[PDB]
Amino acid sequence: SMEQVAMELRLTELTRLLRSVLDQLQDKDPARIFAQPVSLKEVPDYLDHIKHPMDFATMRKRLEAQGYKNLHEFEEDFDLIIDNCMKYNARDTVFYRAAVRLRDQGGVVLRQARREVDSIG
Numbered sequence: 022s023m024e025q026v027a028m029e030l031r032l033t034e035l036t037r038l039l040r041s042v043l044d045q046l047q048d049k050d051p052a053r054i055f056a057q058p059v060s061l062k063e064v065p066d067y068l069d070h071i072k073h074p075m076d077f078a079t080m081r082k083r084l085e086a087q088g089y090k091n092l093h094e095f096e097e098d099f100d101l102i103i104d105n106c107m108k109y110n111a112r113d114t115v116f117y118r119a120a121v122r123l124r125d126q127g128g129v130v131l132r133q134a135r136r137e138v139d140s141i142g
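Rendered as structure tokens:
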């Protein structure tokens, strides 16, 4: 049907917009602490602590597979990254501090993306 093509022009386009949003969140992590999943070779105990791991390269994979049905799904992944990091790492660490900063700086970017999704459809 043509109504499934028009749906996909909207999914394709959400995916166009969410690409941009990811790029901007990832620029607020210049240290690249959240770029890649936490290594299980280097932290074998990690899944004892963090049941749903998340990172930017993993978000990217899902996005290029049009696997985010809306902005809320995308925002949940982003908060995983931050919240996982804030549990796993103690307060007086470069990792925890990096998450606080990424969250504070991400809020602005997300506040404008919410508006562009509602707006454009």
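For the sequence shown, the authors' numbering assigns the number 22 to the initial residue and increments by one for each residue that follows.
Think of the CB as a built atom: it goes at the ideal place given N, C-alpha and C, for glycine as much as any other residue.
Query: Buried versus exposed, by CB contacts within 10 Å (16 or more), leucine 35; Result: buried
Query: Spatial distance of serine 140 from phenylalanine 116 (CA atoms); Result: 35 Å
Query: Contact between the region 93-107 and the region 71-84 (3+ Cβ pairs under 8 Å); Result: yes
Query: Beta-carbon proximity check, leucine 32 vs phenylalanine 95, cutoff 9 Å; Result: no
Query: Beta-carbon spacing of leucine 92, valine 138 below 9 Å; Result: yes
Query: DSSP state of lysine 49 mapped onto helix, strand, coil; Result: coil
Query: Where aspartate 69 falls: helix, strand or coil (DSSP); Result: helix
Query: Which of helix, strand or coil DSSP assigns to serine 41; Result: helix
Query: Three-state secondary structure (DSSP) of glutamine 126; Result: helix
Query: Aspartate 50 versus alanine 119: straight-line alpha-carbon distance, rounded; Result: 7 Å
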